[PDB]
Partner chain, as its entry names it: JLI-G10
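So this first bit is one chain, no partners, the form deposited without the partner chain, shown in structure tokens.
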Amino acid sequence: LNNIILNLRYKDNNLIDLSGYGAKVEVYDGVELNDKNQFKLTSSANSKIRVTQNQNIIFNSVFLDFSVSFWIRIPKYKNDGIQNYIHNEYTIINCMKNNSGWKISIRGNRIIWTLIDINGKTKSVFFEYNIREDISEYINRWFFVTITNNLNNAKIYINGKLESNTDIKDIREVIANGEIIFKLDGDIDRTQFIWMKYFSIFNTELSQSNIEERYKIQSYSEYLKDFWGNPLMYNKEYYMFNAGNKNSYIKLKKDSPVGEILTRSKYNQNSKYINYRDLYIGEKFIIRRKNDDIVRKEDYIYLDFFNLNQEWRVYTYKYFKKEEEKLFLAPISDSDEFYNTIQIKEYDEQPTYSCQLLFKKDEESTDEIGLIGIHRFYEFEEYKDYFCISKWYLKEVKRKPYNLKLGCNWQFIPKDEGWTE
């Protein structure tokens, strides 16, 4: 029960230890903090946190039995810096005394946990995510790490699921009471940074079930998230991603007030080692409110986008005949032939960055018109995908477990310094 030994959390533009053991926490000025409990380690020398642990308590006095958890957001490789990204390992958190202890380090797309015992014997376990996926769930997106250690095993879990295990039976005493230094340390680019959140240390080996429960608890928000895992905001420019159509994007049809669906361009240059689909493409959307700028579940919104100079709006025709229809993309108007009001939803009960977009006849009405999605229309005659409304989604979204791959699952992508293309 009482298993938390460091609980680094935000309070009053600072980070403090809430564990009750009174670790001294010194955040130097180069660490950026925000009240969403996110903090940024940069390449600058004063970008560091020094934690001095309670020196009169030993939590693993006889056998190894401890865990570390945190969320992290690691920027995408620079396309012209792939060799350094792949090869240059840098520490981000170090807890050593007399050349024994643990550290967390990163090498490109790999995050690494290392134990070093009093005899200098070394063991590591790591998680490496693909850097050749069209769409990555991990690159520059917030994800949840938990590492556990016992007599036999060092494990890394990602988003609650076991990724890797290393046998550490031949590891002896590891000195655990050293200072904990949060700082980038290695042959790094000047532009390199890491974001982290909710860093915690536990004095037992957490079970997968326990880890999964913390994943859900720490994921939970009344607001919706963007593609990167940050809070979704009003009045902020976004590209749109479709979870059921990963490689597809929305573009205003030439000389027609509808949204056609096109295939994402991909990594253009010629590195054997990387691949991705472009993200900063398609119309630039913006969410308008119908005290903060955060978009919450059940909010009523307008979905707008910029057509060159003008802010246009996404509508559905009130009286479309079939189960699905093309959305109407047009100037802002109070027309009585179109519904303009969208309720933003979260039908998934599990953590996700996807949201769903519901048209209703009226805010005080429980009458549902349909969900925004993508549909293959037939109109020589050919098939062609369009930005659509569909009634079929209405029953689909109530099925358990939730279908992550429904075309009514959207994510919003803002420009982010951690993703360049």
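By rigid core we mean the largest C-alpha set that fits within 1.5 Å across both forms. Numbering follows the first chain given and starts at 1. Only residues modelled in both forms are compared.
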| item | value |
| --- | --- |
| Coordinates lacking for residue 29, a third or more of other entries | no |
| Other entries lacking residue 381, at least a third | yes |
| Residues with no coordinates between residue 290 and residue 291, taken from the deposited sequence as a class | 4 to 9 |
| Residue 380 preceded by how many uncoordinated deposited residues after residue 379 | 4 to 9 |
| Given 301 to 309 and 218 to 226, the range whose Cα B-factors average higher in the PDB entry | 301 to 309 |
| Average Cα temperature factor in the PDB entry - higher stretch of 169 to 177, 347 to 355 | 169 to 177 |
| Maximum C-alpha temperature factor, selected from 140, 200, 270, 208 | 270 |
| Largest Cα B-factor, entry values, listed residues 163, 255, 89, 212 | 255 |
| Modelled-residue ranking by C-alpha temperature factor, third containing residue 64 | middle |
| Third of the chain's Cα B-factor distribution that residue 322 belongs to, per the entry | highest |
| Chain thirds of CA B-factor: placement of residue 130 | middle |
| Third assignment of residue 282 from its chain's C-alpha B-factors | middle |
| Where the record places residue 183 (Cα B-factor, split into thirds across the chain) | lowest |
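Beyond what is shown, the protein has a form solved in complex with the partner chain; the following relates to that form.
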{"query": "63, 200 and 214 all contacting the partner chain in the deposited bound form, non-hydrogen atom within 4.5 Å", "finding": "no"}
{"query": "Interface membership of residue 364, the partner chain in the deposited bound form, 4.5 Å heavy atom rule", "finding": "no"}
{"query": "Non-hydrogen atom contact residue 33 with the partner chain in the deposited bound form at 4.5 angstroms", "finding": "no"}
{"query": "The partner chain contact at residue 374 in the deposited bound form, heavy atom, 4.5 Å", "finding": "yes"}
{"query": "is_contact(residue 341, the partner chain) in the deposited bound form, heavy atom dist at most 4.5 Å", "finding": "no"}
{"query": "Candidate from 108, 75, 178, 244 lying within 4.5 Å of the partner chain in the deposited bound form - any heavy atom", "finding": "244"}
{"query": "Proximity to the partner chain in the deposited bound form (heavy atom, within 4.5 Å), stretch among 380 to 388, 22 to 30, 45 to 53, 353 to 361", "finding": "380 to 388"}
{"query": "Residue showing a 2 Å-or-more C-alpha displacement between this form and the one not shown once the rigid core is overlaid, selected from 59, 70, 392, 386", "finding": "59"}
{"query": "Pair residue 59/residue 212, Cα separation in the deposited bound form versus the displayed form, closer or farther by 3 angstroms or more", "finding": "farther"}
{"query": "Cα-Cα shift for residue 59 and residue 164, closer or farther in the deposited bound form, minimum 3 Å", "finding": "farther"}
{"query": "Where the chain shifts between this form and the one not shown once the rigid core is fitted, runs of at least 3 with Cα moving 2 Å or more", "finding": "56 to 63, 380 to 383"}
